[PDB]
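Shown below, as structure tokens, is a lone chain in the form deposited in one PDB entry; questions about how it binds or moves come after it.
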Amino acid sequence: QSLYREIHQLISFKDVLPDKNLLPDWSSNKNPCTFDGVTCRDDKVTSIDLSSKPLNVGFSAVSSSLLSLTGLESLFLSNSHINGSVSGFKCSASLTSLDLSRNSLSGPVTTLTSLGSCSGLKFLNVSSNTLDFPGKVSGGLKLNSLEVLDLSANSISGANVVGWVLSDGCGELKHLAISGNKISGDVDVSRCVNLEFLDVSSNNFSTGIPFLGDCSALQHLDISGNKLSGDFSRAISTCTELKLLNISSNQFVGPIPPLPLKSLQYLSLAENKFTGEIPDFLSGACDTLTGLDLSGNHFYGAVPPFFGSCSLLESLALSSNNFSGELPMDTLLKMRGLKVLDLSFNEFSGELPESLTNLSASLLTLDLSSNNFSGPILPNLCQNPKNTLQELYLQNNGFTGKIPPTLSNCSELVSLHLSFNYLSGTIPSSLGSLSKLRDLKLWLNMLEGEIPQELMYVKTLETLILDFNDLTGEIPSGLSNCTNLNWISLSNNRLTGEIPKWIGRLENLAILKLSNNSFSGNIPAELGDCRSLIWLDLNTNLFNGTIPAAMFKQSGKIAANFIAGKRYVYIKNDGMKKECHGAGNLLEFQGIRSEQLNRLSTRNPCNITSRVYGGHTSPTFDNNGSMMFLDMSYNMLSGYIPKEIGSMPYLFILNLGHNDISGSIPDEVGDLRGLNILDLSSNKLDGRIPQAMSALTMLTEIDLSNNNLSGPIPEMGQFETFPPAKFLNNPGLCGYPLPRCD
């Protein structure tokens, strides 16, 4: 046996794969110690790693072939497209680690009890599978030799499952993760005297806090992501060695209870309902504290002063509370090690004390957004050379004055967010010297001047958001270089010129919003060479010419992906203030408060109060793909609607109102089976509403008023839902909701 067995066992596995090419250098009459994925010691196989290879075989193929291999010590099959479920099998006494994570194992978690045939198994990872819990609890896992067990991200829903895992003993257990399930009930790890790591986060625990007993070895405790309301302080009081405590995203209330700080490195109480003010007793942790997160509560007060002793604190998150007072920098500068600072969403007032520039060479993220500050953006900022700052967020404050050009000295800057302020002046050209910047956001300020040509010197830029400023001039040609741009927005400015034809060279452009400006010219067919475009808002401009049929070629071959994951707001235009134009205004909204959109009142006649949608971007498709949004109302368009208009299936919205468009509504509009909004009012359209539109099943708003249209209204579909107003000022038109055809 020995070799003969080793090779015949491995090739038998290979020979059951559906794609034997996945193990190309495995072969007969050749030593396995030369195989990719194999590890050998002294010419004997000791480990097999076939992770991230789509083997597409059942576990039964693994147990008989690989797990029975004599002398095998570890098997790694993570993300290897193994399905089926565990059953009994001869398991060599040498196997100590099995990793079956990110696979499709199924069935009750009681299947795992048969892994007890591996007398030496100490590390089991079956996370990110689909194991469920038998409706009823019974027996135990009965793998009481394990030191490490990860059951996370399965489909386990039940009560006292934790009790089940540990029923028959846990003396040896050192690491237990069960996050990402729907487990509820009680957690009693008091008999697991060696437990050092407990992750019961993102579960369905809503009763009591886990019982930890002596807690004489616990170093990592993560109970975040539940609905826990209780007295965790009592439960963790005896925990002498705790290094990390994450209780975020729960239902905890009240002031900060006492804690064991003698070894605490990370502490998060975020996303609860704690009240009060940072107690002084927390100073005892500054000897060891590396990360603090108090964000998302109801705390108040000012950054207490003892934080100077927190020399080790690498990150301070205090956002979304009721903190106040000038920047307590008298303390911050003592934080030699601080690298992330986040005071956003408080009421820290006053100006920026000039001594900030020192901390700009140790920090990597500075977030003062959505506060009450006022005063100039310190020009001397980033004077201390070797400025490592990567992100600057000062939006939604009371900051006034010119945009400092010194900001070009933060050579490592990747995101600059100064929106929602009262910043006057021009946009510094030195920002072009920010060779790594990806996000420039300065909308709703008082920024005069033209858009710097020097932005061509930024080969990384991705987003350029400058709405609601006093910008003037034309679109700088230099942006043809920013190949990676995916989100340009210049609305509510006084820009002029024409949409440059080189707009098509940006194969990453997903969003282009240019409303309430003084642009002009025929719309460019080149926009049809934008393979990422899903959002094109051109309303309230002076464009003219007819509509290029060629701007709809990419429909069907779009893949929107670069765009997903950014906080936004969509403001639906109410059909009330005729002074307000467009379907709606989509706007980036990272770090700004929804409660400050009223600042637009003096800049926009739209009654925003009614409609404000938001969230984080989540494109609907991935391949396939087509434009989702398309607004061009309140321009000087004319000619006939190209029948290519109806080639965008994922299209939600379509506004072509208040123009000079004629011809007959193409019968392709009925093909837009995702259409929720359709505006074509105030035009010169003739013909009949194509009965093909009766196939539109998702129309929530339609408007065809003020045209030369004639004939019947489709009695099928949704046209009977809509009111006469949406069909008025069309003499020939008849049919309910209009009068019957005489």
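When you see a residue number, it is the position in the sequence shown, counting from 1. Take the two forms, superpose them, and find the largest set of C-alpha atoms that agree within 1.5 Å; that set is the rigid core.
A.B. asks: Looking at the entry, does 211 to 219 or 494 to 502 show the higher mean C-alpha B-factor?
C.D. replies: According to the PDB entry, the answer is 494 to 502.
A.B. asks: Would 356 to 364 or 416 to 424 have the larger average of its C-alpha temperature factors, as given in the entry?
C.D. replies: It is 356 to 364.
A.B. asks: Of the choices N598, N226, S78, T130, which one's C-alpha carries the largest B-factor in the record?
C.D. replies: Comparing C-alpha B-factors across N598, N226, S78, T130, the maximum falls on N598.
A.B. asks: Which has the highest CA B-factor per the PDB entry: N655, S97, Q395, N409?
C.D. replies: Of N655, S97, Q395, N409, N409 has the highest C-alpha B-factor.
A.B. asks: Can you tell me whether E172 has a C-alpha B-factor in the lowest, middle or highest third compared with the other modelled residues of the same chain?
C.D. replies: According to the entry, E172 has a C-alpha B-factor in the chain's lowest third.
A.B. asks: Divide the modelled residues of the chain into thirds by Cα B-factor and specify which third, lowest, middle or highest, holds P723.
C.D. replies: Within its chain, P723 is a lowest-third residue by C-alpha B-factor, going by the deposited values.
A.B. asks: Is the Cα B-factor recorded for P404 in the lowest, middle or highest third of its chain?
C.D. replies: Highest third, going by the recorded CA B-factors of the chain.
A.B. asks: Using the B-factors in the PDB entry, rank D667's C-alpha atom against the chain and give the third, lowest, middle or highest.
C.D. replies: According to the entry, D667 has a C-alpha B-factor in the chain's highest third.
A.B. asks: Relative to the other modelled residues in the chain, which third contains the C-alpha temperature factor of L431: lowest, middle or highest?
C.D. replies: For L431, whose C-alpha B-factor we compare with every modelled residue in the chain, the answer is the highest third.
Beyond what is shown, the protein has a form deposited in another entry; the following relates to that form.
A.B. asks: Which residue moves between this form and the one not shown, judged by a Cα shift of 2 Å or more on the rigid core: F252, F345, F76, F299?
C.D. replies: Result of the comparison: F76.
A.B. asks: With both forms fit on the core, has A93 moved 2 Å or more by CA between this form and the one not shown?
C.D. replies: Yes; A93 is a residue whose C-alpha shifts (by 2 Å or more) between this form and the one not shown when the cores are overlaid.
A.B. asks: Once everything's superposed on the core, is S157 shifted 2 Å or more at the Cα between this form and the one not shown?
C.D. replies: Where the cores coincide, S157 still shows a C-alpha shift between this form and the one not shown that is 2 Å or more.
A.B. asks: After core superposition, I'd like to know whether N322 moves between this form and the one not shown (criterion: C-alpha shift of 2 angstroms or more).
C.D. replies: Comparing forms between this form and the one not shown, the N322 CA shifts below 2 Å.
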